[PDB]
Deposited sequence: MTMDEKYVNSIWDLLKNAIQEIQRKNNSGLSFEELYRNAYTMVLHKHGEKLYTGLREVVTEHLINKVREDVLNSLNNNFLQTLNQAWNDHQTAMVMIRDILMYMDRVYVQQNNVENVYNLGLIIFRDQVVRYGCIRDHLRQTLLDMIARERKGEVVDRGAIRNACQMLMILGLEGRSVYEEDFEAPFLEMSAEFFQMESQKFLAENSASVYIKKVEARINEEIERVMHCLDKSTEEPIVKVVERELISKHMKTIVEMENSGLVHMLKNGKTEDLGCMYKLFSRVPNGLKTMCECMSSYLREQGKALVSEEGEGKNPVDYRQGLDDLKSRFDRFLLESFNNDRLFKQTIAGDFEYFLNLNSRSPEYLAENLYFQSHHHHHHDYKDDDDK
């Protein structure tokens, strides 16, 4: 009907939306509010409604919610942030329901986000990614993971709660989680692991090192399961595989008074079998072991009736420690065919 009557309807819904926002769901009639929203969209006033919706939410989250999270930065930040997120989710569900006819008719037909998805975008842009908040959340989640790794006891629950939220604001996508948390996390992790690798090489045996690497891989998988998105397992492991294994491949195998050659000489089968299973992860991993072996085996066979003893000893390793691998088999065989000439 007339411009004034339409503004009557919108004033009614605006007050209802604000009441919901203020946690006052009870006093409201679902059919009255739904009919008013319906009457607007039915009489082609959907844009007025949608534009109005985008305002009432934007204003609430900027003036009340952003402020709350900011005022509680150095006083229970993540908690003040999850409560902000929960209160929002709860409100946006009720807002989406009174405006259900707009979601089904207008939103579809006019290439715009749906009420809940719009609510998510505003919370994302105005609260979770507000620079000061965006940064303080990134530094918070990372300082916790760094403290945890360095021994301290931290709240994995608050960490999973923020990660779920970061994932959800991605709008059925990891866009927000990836750049706001994952990428900075992976970066600080690699810097940690690189330093960790330097300590363990300087004071632990190759067997101990290889064990400590497996232990680190297990810890990082165990961390993802308990407080990050399941999709971070492959990235973080590859960062452990890169910094601990891949970057120090020749260093590990060649370790003096330890390593492949000493393991082959002192016959420590399971120890070099452990090396095989770890070096089978990284590219050129097994190659390095073959190269180290071929260098030694050719130098040992060059010294050699007793080559039946050599063949049998390496046959045992290949079958037990090297899982009868095609590459190792060909390498051992290649070195034996080399002695003929």
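Residues of the deposited sequence missing from the coordinate set occupy positions 1-2, 307-320, 358-388.
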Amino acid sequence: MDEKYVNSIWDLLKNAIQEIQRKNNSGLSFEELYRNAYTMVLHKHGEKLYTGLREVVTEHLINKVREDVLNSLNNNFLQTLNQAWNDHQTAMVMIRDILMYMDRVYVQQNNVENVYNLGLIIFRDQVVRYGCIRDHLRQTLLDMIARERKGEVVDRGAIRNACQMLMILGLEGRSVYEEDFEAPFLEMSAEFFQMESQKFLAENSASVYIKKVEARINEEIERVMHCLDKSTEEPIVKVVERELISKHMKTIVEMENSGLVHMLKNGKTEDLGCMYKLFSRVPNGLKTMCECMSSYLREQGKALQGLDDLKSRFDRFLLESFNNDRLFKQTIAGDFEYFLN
From here on, numbers count along this sequence of modelled residues.
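Look at the mean CA B-factor for 84-92 and for 252-260 in the entry; the higher one is 252-260.
Relative to its counterpart among 261-269 and 235-243, 261-269 has the higher mean temperature factor, C-alpha atoms as listed in the PDB entry. The residue among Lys302, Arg35, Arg66, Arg54 whose C-alpha carries the highest B-factor in the deposited model is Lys302.
Of the residues listed, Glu59, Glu47, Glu291, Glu31, the entry assigns the biggest Cα temperature factor to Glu291. Sort the modelled residues of the chain by CA B factor and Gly173 lands in the middle third.
Ranked against the other modelled residues of its chain, the C-alpha B-factor of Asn161 as given in the entry falls in the lowest third.
Ranked by Cα temperature factor within the chain, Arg281 sits in the middle third according to the deposited record. Among the modelled residues of its chain, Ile217 has a C-alpha B-factor that falls in the middle third according to the deposited record. Ranked against the other modelled residues of its chain, the C-alpha B-factor of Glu187 as given in the entry falls in the middle third.
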